[PDB]
Amino acid sequence: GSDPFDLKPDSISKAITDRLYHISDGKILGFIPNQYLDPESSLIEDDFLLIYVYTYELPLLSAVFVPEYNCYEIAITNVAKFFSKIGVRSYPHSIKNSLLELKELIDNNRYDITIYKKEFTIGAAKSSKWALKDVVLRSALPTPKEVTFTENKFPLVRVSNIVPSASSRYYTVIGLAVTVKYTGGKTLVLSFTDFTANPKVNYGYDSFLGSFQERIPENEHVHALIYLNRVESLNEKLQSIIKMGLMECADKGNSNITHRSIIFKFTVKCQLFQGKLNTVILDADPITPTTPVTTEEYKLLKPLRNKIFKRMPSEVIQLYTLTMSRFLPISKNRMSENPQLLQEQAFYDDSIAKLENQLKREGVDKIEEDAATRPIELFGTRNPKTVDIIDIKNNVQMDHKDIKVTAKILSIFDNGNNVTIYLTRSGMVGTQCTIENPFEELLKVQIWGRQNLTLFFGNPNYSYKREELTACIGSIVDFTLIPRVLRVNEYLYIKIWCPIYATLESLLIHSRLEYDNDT
DNA sequence: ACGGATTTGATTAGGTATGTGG
């Protein structure tokens, strides 16, 4: 029987059926579909979400990666479950937001990924691709020093352990925001609660949770003020979560905003003044199940969320589930039809970062000159070499020159914003076949961009007869290919191959002529 | 930028009902 091998992007011909293999400490570079390639809400179909994963043993050419050489292309077979496990929260309610969430996770985290060989059909051919079995977070952002330093002089505290004096004391409180009020004065009221009581705290104005029937006691409702010059920064941080400002939260005819379950890490200055506990919000950071937190912060955040959910009147939870989901990990459960609180939190704990820091420095414009969407011109290079499929796979670097290859067409696919063509060696019988080594025997070739697809179909409308699209299946064609590039993250690309002078028409008529010659 | 010596400093019921975009 077989012998050990090192897992590698090109090693799928060696993978055992139903064996699980492990990518340790992988960087997910990017994925497809994404905002650059599929603008609009292209519905993410199972098996058609693809991620690209680098491991740090693999070579680094540039910001253009090459699947099957220095990154894995990995099919996601159950998008719902992949999103749920990795920490994406908006699917299916919002494709756009889901992908944006996935971007934030992969840009900041490293993952242990379990993959396996999965059969897929190429017309009447079959081959193998990498599929994702599981994903476990391996490493996360380290605690920023600004957090470590600021909480050293603003220690974490429950409201009940705030001990005020004549002189200012500084603290960090994790709280539910309760009210926003402005009387046009010098400060803005953003009051908050812990459900934790303090004898110097006293604020009963609009002191309720969700509805008037669930009170917040006055010695739990911390009156707190923001200096006017600091409101706009807080406003813009919340706006990054709920796409609207602080004032706009108090929309129900009073100052209470608990129907939105907005949670902040408050950075506060406390001082007794004139008989009262005066609390000043010097900073506030929205805290979300996706916002990373230290373990110590979570000790306070977790019971906070538990009390909000348990004490919130049921009917308000029902009316505002989606709204509160911004901050509360609420889920819809099934046999019972009851919202439930999940335990879900992101925690704090170079090579690729510095490559895209270079690209952020220099032009995306240079690489964008090889975007697959850019109209494909004809005469870039003279005396193009004729080459095998294995040679093409090994080309690897953007030599920027045209290539010729003679290949059998296994299938052709209209994917809407691209045409995909699958090629194998010309010298095999029929198209019913199983390709055990896709790395050496299977080349996929694509056409992207309005101008290129218009030339391919002969129509600005992508109009075609379907039997003319697939007539070239089984024909052997002399292709000319150019390397082009597909954007998979803001500063990360993958390399692909695009055909030149290839039209539905030429492929169609060639196919008929070739049949007639053989017959 | 960066840090502290960090800007000021009020009421206590009860009505109505989202999500931030298909």
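All values below were derived from every heavy atom in this structure, side-chain atoms included, with hydrogens, water molecules and symmetry-related copies excluded. Below, read A as the first sequence line, B as the second, and so on, with proteins coming before strands; counting in each chain starts at 1.
A/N219 comes within 4.0 angstrom of nothing in the nucleic acid, heavy atoms only. Residue A/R169 is classed as having no contact, given no heavy-atom separation below 4.0 Å to the nucleic acid. Looking at heavy-atom distances under 4.0 Å, A/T187 makes contact with sugar-phosphate atoms alone, never a base. Looking at heavy-atom distances under 4.0 Å, A/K181 makes no contact with the nucleic acid at all. Residue A/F273 is in base contact, counting any heavy-atom pair closer than 4.0 Å across all strands shown. Residue A/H221 is out of contact with every strand shown, counting any heavy-atom pair closer than 4.0 Å. Residue-level contact check: A/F149 touches neither bases nor backbone, having no heavy atom under 4.0 Å from any strand.
With respect to the salt-bridge test (charged N to carboxylate O, under 4.0 angstrom), the residues A/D25 and A/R110 qualify. Comment: A/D283 engages A/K237 in a salt bridge, judged by a side-chain N to carboxylate O separation of less than 4.0 angstrom.
Applying the salt bridge (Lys or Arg N to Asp or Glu O under 4.0 Å) test to pairs two or more places apart or on separate chains, those with a residue in residues 344-362 of chain A are A/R89-A/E344, A/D350-A/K354. Legend: ring pair (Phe, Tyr, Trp, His ring centres under 6.0 Å) pairs involving residues 329-353 of chain A, not counting sequence neighbours, sorted by first then second residue: A/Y298-A/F347. The ring pair (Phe, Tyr, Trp, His ring centres under 6.0 Å) contacts involving residues 157-185 of chain A comprise A/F154-A/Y170, where partners must be two or more places apart or lie in separate chains.
Aromatic ring centres of A/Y52 and A/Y54 lie farther apart than the 6.0 Å criterion allows.
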Only pairs under 3.5 Å count here: list side-chain donor-acceptor contacts from residues 205-222 of chain A, not counting sequence neighbours, and write none if there are none.
unit_1	atom_1	unit_2	atom_2	d
A/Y205	OH	A/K181	NZ	3.3
A/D206	OD2	A/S255	N	2.8
A/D206	OD2	A/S255	OG	2.5
A/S207	OG	A/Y203	O	3.4
A/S207	OG	A/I216	O	2.9
A/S207	OG	A/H221	ND1	2.8
A/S211	OG	A/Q213	N	3.2
A/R215	NH1	A/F212	O	3.1
A/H221	ND1	A/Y203	O	2.9
A/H221	NE2	A/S191	OG	2.6

Report all side-chain donor-acceptor pairs from residues 225-236 of chain A shorter than 3.5 Å, counting only partners two or more places apart or in another chain.
unit_1	atom_1	unit_2	atom_2	d
A/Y227	OH	A/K269	NZ	3.3
A/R230	NH1	A/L282	O	2.6
A/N235	OD1	A/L246	N	3.2

Solution key, residues 128-145 of chain A side-chain donor-acceptor pairs under 3.5 Å, sequence neighbours excluded:
unit_1	atom_1	unit_2	atom_2	d
A/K129	NZ	A/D47	OD1	3.1
A/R138	NH1	A/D112	OD1	3.0
A/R138	NH1	A/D112	OD2	3.4

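Regarding nucleotide B/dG9, the torsion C1'-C2'-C3'-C4' is greater than zero, so its sugar is described as north.
Across the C1' atoms, B/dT6 and B/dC2 are found 13 Å apart, a figure rounded to whole Å. Look at the P atom in both B/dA17 and B/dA13: the space between them is 23 Å, to the nearest Å. Comparing the same atom, P, in B/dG14 and in B/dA10 gives a spacing of 25 Å after rounding to whole Å. Between B/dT20 and B/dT16, the distance separating the two P atoms is 25 Å to the nearest Å. For the P atoms, the distance linking B/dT12 with B/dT8 amounts to 25 Å, nearest Å.
Annotation: side chain to side chain donor-acceptor pair (under 3.5 Å) contacts of A/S165 (sequence neighbours excluded): A/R169. Scored by the side chain to side chain donor-acceptor pair (under 3.5 Å) test, A/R326 finds no partners at all (sequence neighbours excluded). Considering only residues two or more places apart in sequence or on other chains, A/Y36 meets the ring pair (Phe, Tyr, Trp, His ring centres under 6.0 Å) condition with none of them.
Both A/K269 and A/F212 lie near DNA chain B, and the one whose nearest nucleotide falls closer to the 5' end is A/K269. In terms of position along DNA chain B, the nucleotide closest to A/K186 lies nearer the 5' end than the nucleotide closest to the other residue of the pair A/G210 and A/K186.
Anti is the conformation of B/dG19, whose glycosidic angle sits further than 90° from 0. With its glycosidic angle more than 90° from 0, B/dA10 is assigned anti.
Heavy-atom distances under 4.0 Å link DNA chain B to A/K276, A/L277, A/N278, A/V280, A/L282 of residues 276-290 of chain A, given in residue order. Shown for residues 242-252 of chain A: residues whose heavy atoms fall under 4.0 angstrom of DNA chain B, namely A/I242, A/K243, A/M244, A/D251, A/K252.
Contact between A/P33 and A/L49 at its shortest, heavy atoms only, is CD-CD1, 3.9 Å.
Under the 5.5 Å and 30° stacking definition, the step from B/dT12 to B/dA13 does not qualify as stacked.
For DNA chain B, the span of nucleotides reached by chain A at under 4.0 Å from its heavy atoms goes, 5' to 3', from B/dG4 to B/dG21.
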